[PDB]
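To keep things clear, I will list the structure first and then write my remarks on it.
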Amino acid sequence: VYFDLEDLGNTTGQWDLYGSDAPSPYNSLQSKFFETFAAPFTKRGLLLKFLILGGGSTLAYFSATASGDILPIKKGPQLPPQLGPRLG
Amino acid sequence: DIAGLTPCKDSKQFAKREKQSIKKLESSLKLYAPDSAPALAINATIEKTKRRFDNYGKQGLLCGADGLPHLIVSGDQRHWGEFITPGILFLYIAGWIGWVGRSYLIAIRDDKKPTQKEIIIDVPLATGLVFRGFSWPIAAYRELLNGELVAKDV
Amino acid sequence: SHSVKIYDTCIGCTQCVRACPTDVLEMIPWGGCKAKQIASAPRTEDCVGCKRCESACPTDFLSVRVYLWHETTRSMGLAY
Amino acid sequence: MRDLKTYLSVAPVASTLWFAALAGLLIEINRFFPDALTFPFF
Amino acid sequence: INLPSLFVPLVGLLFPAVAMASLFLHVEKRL
Amino acid sequence: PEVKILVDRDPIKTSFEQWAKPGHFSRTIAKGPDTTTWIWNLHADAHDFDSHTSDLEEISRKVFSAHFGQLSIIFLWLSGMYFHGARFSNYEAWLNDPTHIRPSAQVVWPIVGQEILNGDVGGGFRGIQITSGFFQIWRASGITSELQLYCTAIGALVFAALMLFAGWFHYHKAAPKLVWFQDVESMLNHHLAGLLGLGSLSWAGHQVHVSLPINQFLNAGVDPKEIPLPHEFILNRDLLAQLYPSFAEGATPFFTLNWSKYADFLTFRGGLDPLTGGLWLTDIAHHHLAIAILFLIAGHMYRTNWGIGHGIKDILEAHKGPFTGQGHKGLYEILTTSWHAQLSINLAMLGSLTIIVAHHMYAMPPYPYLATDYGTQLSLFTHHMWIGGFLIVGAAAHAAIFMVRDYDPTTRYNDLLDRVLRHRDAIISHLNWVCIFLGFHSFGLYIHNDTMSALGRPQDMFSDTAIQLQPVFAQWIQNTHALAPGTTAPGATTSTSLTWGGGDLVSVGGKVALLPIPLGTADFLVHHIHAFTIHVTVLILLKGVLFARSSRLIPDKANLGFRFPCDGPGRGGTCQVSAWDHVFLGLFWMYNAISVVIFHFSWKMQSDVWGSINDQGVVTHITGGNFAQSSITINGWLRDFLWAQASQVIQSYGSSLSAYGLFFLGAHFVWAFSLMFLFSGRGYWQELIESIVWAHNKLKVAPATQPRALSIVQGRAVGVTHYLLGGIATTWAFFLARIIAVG
Amino acid sequence: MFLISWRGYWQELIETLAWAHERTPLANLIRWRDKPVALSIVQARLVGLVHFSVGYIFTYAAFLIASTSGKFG
Amino acid sequence: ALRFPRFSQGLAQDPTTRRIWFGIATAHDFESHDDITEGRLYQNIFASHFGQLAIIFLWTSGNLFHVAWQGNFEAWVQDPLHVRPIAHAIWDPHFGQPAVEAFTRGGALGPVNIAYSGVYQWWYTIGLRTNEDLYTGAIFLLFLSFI
Ligand code: CLA
Ligand code: CLA
Ligand code: CLA
Ligand code: CLA
Ligand SMILES: CCCCCCCCCCCCCCCC(=O)OC[C@H](COP(=O)(O)OC[C@@H](O)CO)OC(=O)CCCCCCCCCCCCCCC
Ligand code: SF4
């Protein structure tokens, strides 16, 4: 018998099968450090606008100032061009 | 001439094609024996080729720069053998078939189980009906004047 | 929810109610036919729209009609 | 025997025979008057 | 200072990025 | 309990009355037609025996006699083959010089100019070059005159009449009852030990007395007319002892157990015969002897009537463990009451067997002068691959039929079937995933390669020159197969095939019979493509079988049958939920997989195997060896395979290969014609037929059997039938024209 | 594909996939907001036809331009 | 409403992915939207026409600007039969060096496309001769798009 109108979640199976609920295994000197230094990146609108505009900044930057060893599109042609079937 | 086409008797290209095909055949021939059955077959084909080209020469067909025969269907009278008289033959035979079929359909339409005579033919009945197509034109004419060909009120 | 409508040409054969897989239809009393019966569709919020009822109706033209309309969870037949 | 006469008039057999005869007729015509492009008679 | 060196990237990379996040947030929003 | 013959007398009476009443078998068809739909149903349900009736006895009687009819047909086809070899062929001249005369056993009448199809096949003869490989069989048989071919044609005709009479007899006069059919132990004992054991024993006998000596004489150079007749070898034995001294002791060894003294003609050589490019006949006879012994022993496993033996029920009930509950208990009751379960298992095994036959016959050529006849080899591999694929797909069809019409946990419960049914969701989930992953990592590599080759970046490709993906295990295994003779097989001289390696190359008439086949990055890519296609086909067919009875979408699907169009447009739309539609979809994917298999084999053989060798010993392959570097992109398949090899067939007009040029185009047409049935639906067609019917009614010429548009399922079936015919025939014409033209 | 395969097959496949996802660890911490479903019938016809004619135009354009431009004559 | 799409309430209450698809493919069928009048339909269509006009002007603006900027026109006017007209430049970071060399033609200083729309012949036929005419026209088209 697995039907109980009082408790519905046990009848429809709302368990956490792998959760733990044990205390923290990262002793506080380590946790202390992280939750001090990693706080300013924890607001939704803040993080999103910052990530978008910073990624765009780095992309426009590294795109405008990439060197020839990287991108053959930058090194240009190095040969005299052919003529077409008639034209050229 | 008509549309610039000159006669196959006077066409040099028509001749060239004939002799090219003939001696290609005869190059394929020079083998197997001078009398074996393959040789006899190949010689029969050669003679048939000559007959074909000469018949197209006799019948006054028109040739172009390709060297092949062309067809004039405009109504000109020098060329009725090309389209109009075989066309009359076709229209006659086709009407024959269709007329016999419609008269069979009509003959069986009053049966209690008409579909039984559609998937299993009544051969003596059809045998009596086949030869009315011989005069299907006159019958169809007097059936049109009768108000009898077109189902009224459809 | 789809729409299901019953028209007065119904002969009250009940074949449509027997066919519904979600129990949309029902027979109700009437006076317009030899059977004194007519179909009704009281539970159209459960109709999946299979038209299994229309395949069963014998009148010409149909006496039950299914008009597909806005879709929901029950209408789409989703078990998740 | 009557049942056989009926069966022989069922649609597939009847059409098979009709077209085999027609095929023989056209084949023999073309074997006698080969390579016809026109009506060369009148 | 190369002009396509800037416009091709951002129209090709960041324009669709911002527009896809934009339209996702809009289209899954219940008012 | 015991096993015996059980038969009824005169169950049905021979009569013509049922011929004149179309659709006697089904009550619905018997009533007669109102619409044209009738005519279609009449043919679709003609052999659906277990739907015409409910009685198992009647279904089994019908099945037995139908099998006799099929065997009679096969005998008639064999009779035709032998008669045509005897009467309209150049077999004797080919027997005289096999590496110059190309075989031909069909001539055409000179009717409308078609005699051009009678081409110069050599030997003073003009006809159609055949590719079934029958001359090779007849030479390996010892046949040397056309009188023997006549004799076998007559014998086959007699056997066909005999089969037809037995088919009539076992249905109308002496029809066995259900208990006779349901005895599977005696049946297996007979087919294992009687059909397969005695069969290969008798055949080993014929090879020891006819094929071996006549082929010894033929390979010695003797004129095929001055060779003694086979029966002489049996009357006079000194003839045999001249070629094989061991035939002087004559069965004394076989009893004195000194089988060593037969090493004359029962060998274990391995490799090919360097004179004819085939397997040693002294190996094949010994093989058949061993196989006959094995089968004759294996046909004594099951208990019939004398206690000793094995009960199948006992074996099945004994097997079970802690993961499978009670498994195998209840399969004997199932496998003896449904014909569809049996048919599914049998079709699966026979299809797999046909594919294995294709591989083994290319890799270790059995007949003499077959390896250098390239057209026959291509034809045989391709034919048998197609047959195997089709049979495997039918296996799925009949598993689905069993699940819909026969599975019944109320009276025949099996545990394993129930458990698979209870986790089908996880099954289909994992198979779906692995097909997606396999498709990304094989076709994706091709797309990467095409894009890197078009972007002028060939050093970033997946190839032998830039980024290597060597199949280490395949190379390791064929290296083990190379070192096998002498180390793990001390009794063998050469290894099983020449594809394994060892540096041995066999030539015949200046042509290459066999040599070691090299495996490289391209082989790795092609094989993973193959794994991908097979996994997808399996997904479709197994999804069709496992969900044939019910789903989360349609929870009572078994009540709608096995072949139904849909369950209406509701629930979102439920077109093609039936299992028949899954078979219909799996046919396209089987076509895809087999087509890629035969393209891979055809290009690889020409590129690295076939060709011509010079007296100095420099092999020139048909294609230049471009498979290693052009097969890795899609553009190389379109350019170097399709465009470059279609030249032979698009240039055959005017030659004796022009029939292939006509069939190329006809097959393209039929393929494109099927798309009309596949892309449309019957509502449009019935509404158009309405107006056409009006026009006929206007002239009192309208038919009484009302014309309808085809069924929904019939539309799908016509579509897939024409699609498969068009595609396969296109490849048929392409292959045959190409291979016949170059050589 | 969209023109020969129709909807029911795909809808059943998708139900299987939804089960698979909801049952797997560390990935069921993510929840879609629209229940996935196969495409519609009319929608499938439209999408198939669009792919068909896009392919049509693109292949013919590529061939026409490359075979005239290659000869330039 | 309270969800995309606004014009259809029946689609907005659809909890499956269908809602999104059909939301896009019904957006310009104004007669099928909730609370549609005759005036709303006509006025919507009028504004839509104006939008399409702006679109066309911006597209032809783009063509003019781009062959005036990355183009070939001036050299083409000197010898229409012996030079290939340029459409625009190629900038693609997935290019390798040989492709870079392969697409550099028409006298350009880097990879380009050859035009086949025929606009050099048409503009040459009606009067435009130097790059300033093409720039002029492009700016005027931008103006007409805005209007
Ligand atoms: C597309 C336009 C067109 C059309 C419609 C025609 C039509 C015709 N042209 Mg013409 N022509 C054309 C363009 C055209 N031409 C052009 C552009 C040129 C310049 C090259 C010519 C040059 C040209 C020439 C030089 C001649 C014609 C002639 C003719 C007539 C020949 C056919 C005939 O004699 O009747 C038909 C012939 C019959 C014997 C009639 C029998 C048909 C039967 C009755 C019908 C069969 C029905 C069925 C079997 C039985 C009935 C059953 C019923 C009771 C239900 C014909 C009416 C010829 C002419 O003047 O005619 C004398 C002619 O000399 N044309
Ligand atoms: C519809 C006309 C049109 C079209 C089809 C193109 C197409 C192209 N442009 Mg161009 N452009 C145009 C108008 C157009 N442009 C106009 C009017 C100007 C100002 C005079 C420019 C200025 C411009 C520059 C400076 C560059 C390009 C570049 C490019 C190429 C790279 C792709 C890209 O980065 O997008 C275009 C990038 C832009 C910044 C264009 C912005 C200006 C237009 C008006 C944006 C229009 C967007 C609009 C809101 C949406 C309209 C709807 C419809 C087009 C879908 C590409 C082939 C790059 C190139 O040459 O590649 C090698 C390059 O760097 N364009
Ligand atoms: C040594 C005994 C023996 C042999 C040789 C065979 C052989 C065969 N059986 Mg069979 N069977 C046997 C015993 C045997 N059976 C027993 C004891 C039972 C159960 C009591 C069955 C029940 C059975 C069934 C239900 C079926 C077969 C079938 C077949 C055919 C399988 C298809 C095939 O491979 O064709 C190979 C073709 C050839 C080898 C050509 C040569 C044919 C020879 C002449 C066969 C003759 C063998 C036969 C037993 C002769 C007895 C008849 C005699 C009284 C006159 C095959 C010829 C299938 C069938 O009947 O197809 C018609 C099938 O449906 N068998
Ligand atoms: C030992 C082999 C075998 C056997 C005995 C059966 C037996 C049976 N099958 Mg089955 N099947 C098989 C193999 C086999 N199948 C294979 C290999 C496949 C995969 C394709 C299938 C797939 C399949 C399906 C999908 C179905 C069956 C069905 C059936 C049942 C009815 C068949 C029928 O009468 O339809 C009538 C037969 C025809 C109408 C003939 C069809 C003609 C084809 C389409 C043309 C082929 C073209 C030809 C080869 C070349 C062209 C010639 C032309 C140009 C002139 C029957 C019990 C049906 C069933 O309902 O089961 C209960 C069912 O629907 N089978
Ligand atoms: C260069 C710019 C190109 C756009 C020019 C066209 C705009 C001028 C005419 C518009 C008339 C507006 C009519 C009132 C319509 C109106 O403004 O009503 C406001 C609308 C509410 O809809 P309603 O309740 O009015 O619906 C009634 C409808 O029947 C009327 O269409 O809310 C929205 O804005 C939804 C936004 C979805 C936006 C979807 C994104 C679509 C992307 C592309 C959009 C066009 C870009 C084309 C570029 C390729
Ligand atoms: S009738 Fe055709 S389109 Fe409609 S649901 Fe059935 S299969 Fe699909």
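Order of the sequence lines sets the chain letters (A, B, ...), proteins ahead of strands, with each chain counted from 1.
Under the 3.5 Å distance criterion, the side-chain polar atoms of H:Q70 are matched with a main-chain donor or acceptor of H:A89. Put simply, the side chain of H:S145 never gets that close to the backbone of H:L141: no donor and acceptor are under 3.5 Å apart. Side-chain atoms of G:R33 come within 3.5 Å of backbone atoms of E:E28 as a donor-acceptor pair (strictly under, hydrogens ignored). Not a single donor-acceptor pair under 3.5 Å links the side chain of F:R457 to the backbone N or O of H:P98. With hydrogens and angles disregarded, no donor-acceptor distance shorter than 3.5 Å links the side chain of H:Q52 to the backbone of H:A47. Remark: the backbone N or O of G:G55 is not paired with any side-chain donor or acceptor of G:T59 at under 3.5 angstrom. A donor-acceptor contact shorter than 3.5 Å links the side chain of F:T451 to the backbone of F:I447. Proximity of a side-chain donor or acceptor of H:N72 to a complementary backbone N or O of H:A108 within less than 3.5 Å is not detected. No donor-acceptor distance shorter than 3.5 angstrom exists from the side chain of G:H21 to the backbone of G:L17, with no hydrogens or angles considered. Panel note: side chain F:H528, backbone F:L438; no donor-acceptor pair is recorded below 3.5 Å.
For the residue pair F:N592 and F:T533, no side-chain donor N or O sits within less than 3.5 Å of a side-chain acceptor on the partner. With hydrogens and angles left out, the side-chain atoms of F:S630 and F:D640 include a donor and acceptor closer than 3.5 Å. No donor-acceptor contact under 3.5 angstrom links the side chains of H:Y42 and H:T37, judged on distance only. For the residue pair H:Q13 and H:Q9, a side-chain donor N or O sits within less than 3.5 Å of a side-chain acceptor on the partner. Under 3.5 Å, the side chains of H:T16 and H:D14 contain a donor-acceptor pair of N or O atoms.
Using the six-membered ring where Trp is involved, F:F673 and F:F669 have ring planes that are parallel, under 30° apart on the 30 and 60° scheme. Between E:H26 and H:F4, the two ring planes are perpendicular [angle over 60°; tilted spans 30° to 60°]. Taking the six-membered ring for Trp and thresholds of 30 and 60 degrees, F:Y723 and F:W671 have ring planes inclined between 30 and 60 degrees apart.
Interatomic distance, NE2 of F:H448 versus CD1 of F:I467, reported as 5.5 Å (0.5 Å rounding). To the nearest 0.5 Å, atom CZ of residue F:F443 and atom CG of residue F:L445 are 10.5 Å apart. To the nearest 0.5 Å, atoms OG1 (H:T17) and CD1 (G:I14) are separated by 7.0 Å. How far OG1 of H:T104 is from CD1 of H:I90: 8.0 Å, rounded to the nearest 0.5 Å. If you take CG on A:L71 and CG on H:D92, they are separated by 10.5 Å, rounding to the nearest 0.5 Å. Here C:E71 contributes atom CD and H:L11 contributes atom CG; the two are 9.5 Å apart, rounded to the nearest 0.5 Å.
The two residues H:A68 and H:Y135 come nearest to each other via the heavy atoms O-OH, 3.3 Å.
Heavy-atom contacts from other residues, nucleotides or ligands closer than 6.0 Å to CZ of H:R129 number more than 12. Taking a 6.0 Å sphere around CZ of A:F62, one finds it holds 12 or fewer heavy atoms contributed by other residues, nucleotides or ligands. No more than 12 heavy-atom neighbours from other residues, nucleotides or ligands sit within 6.0 angstrom of CH2 on H:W21. Around the CG atom of H:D35, the shell of radius 6.0 Å holds no more than 12 heavy atoms that belong to other residues, nucleotides or ligands. The 12-atom threshold is exceeded at CG of H:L2, counting heavy atoms of other residues, nucleotides or ligands nearer than 6.0 Å. At most 12 heavy atoms of other shown residues, nucleotides or ligands fall within 6.0 angstrom of atom CZ in G:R31. Taking a 6.0 Å sphere around CZ of G:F72, one finds it holds more than 12 heavy atoms contributed by other residues, nucleotides or ligands. Enclosure of atom CZ in A:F50 is not indicated, since only 12 or fewer non-hydrogen atoms of other residues, nucleotides or ligands lie within 6.0 angstrom.
With ring centers used as reference points, H:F73 lies under 6.0 Å from H:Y120. Ring to ring, F:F437 and F:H441 are close: their centroids are under 6.0 angstrom apart. A distance of 6.0 Å or more separates the ring centres of F:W637 and F:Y446. The ring of G:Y56 has its center no closer than 6.0 angstrom to the ring center of G:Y60.
Contacts of G:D34 classified as salt bridge (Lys or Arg N to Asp or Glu O under 4.0 Å), with partners at least two apart in sequence or in another chain: H:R19.
For the ring pair (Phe, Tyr, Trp, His ring centres under 6.0 Å) with F:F627, the lone residue among F:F641, F:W603, F:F599 that qualifies is F:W603.
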